[PDB]
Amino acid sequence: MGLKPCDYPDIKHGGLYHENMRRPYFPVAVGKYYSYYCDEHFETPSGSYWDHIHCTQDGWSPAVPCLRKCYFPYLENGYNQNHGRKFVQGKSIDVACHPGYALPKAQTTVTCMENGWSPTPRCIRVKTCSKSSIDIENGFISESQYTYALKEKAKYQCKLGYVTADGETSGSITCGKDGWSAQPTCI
């Protein structure tokens, strides 16, 4: 009999051409296909603004007729190589931020979703702790960098004969939003 029919395709971010003619012939028998378009900022799986939606035994095909088209923005606090390039939904792109700057928070790639880039492509200044801020007696900071990023550690070694609070000959402190995890002590 009938391996029966399909209903009016609810195209998200698009629509059917000749909408006034097609409605309703629906339900529509399988095999029947319709030309359709995608809205601005969106594209068909062919990479064009228009295509055809086929009524299959398992529904309408493509299942996602309209895919988002992401434009890569300018990164003021990062290195630019893709500014102006377009990417189809589901694509991941590497993001190189300047030293001291990161993505939020803190991925290394930005992915194109139906709702746009995820997360937003922008390099934000990272919170830091200063070494000039550390204070250790009977030991020294054996690293040795000036700026430490959140969650980054500062290594320290004790002087010959002195031990830390573990009590090992060396340890480390952590940089958090509130400053350093603590003071290094070598007794």
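One rule holds for the numbers: they count along the sequence shown, beginning at 1.
Comparing 94 to 102 with 107 to 115, the higher mean C-alpha B-factor in the PDB entry belongs to 107 to 115. Taking the mean C-alpha B-factor of each stretch as recorded, 45 to 53 and 143 to 151 are not equal, and the higher mean is that of 143 to 151.
Across 134, 70, 38, 160, the entry's maximum B-factor at the CA atom is seen for 160. When the modelled residues of the chain are ordered by C-alpha B-factor, residue 175 sits in the middle third.
Among all modelled residues in its chain, residue 30 ranks in the highest third by Cα B-factor.
Sort the chain's modelled residues by C-alpha temperature factor and residue 12 lands in the middle third, per the entry.
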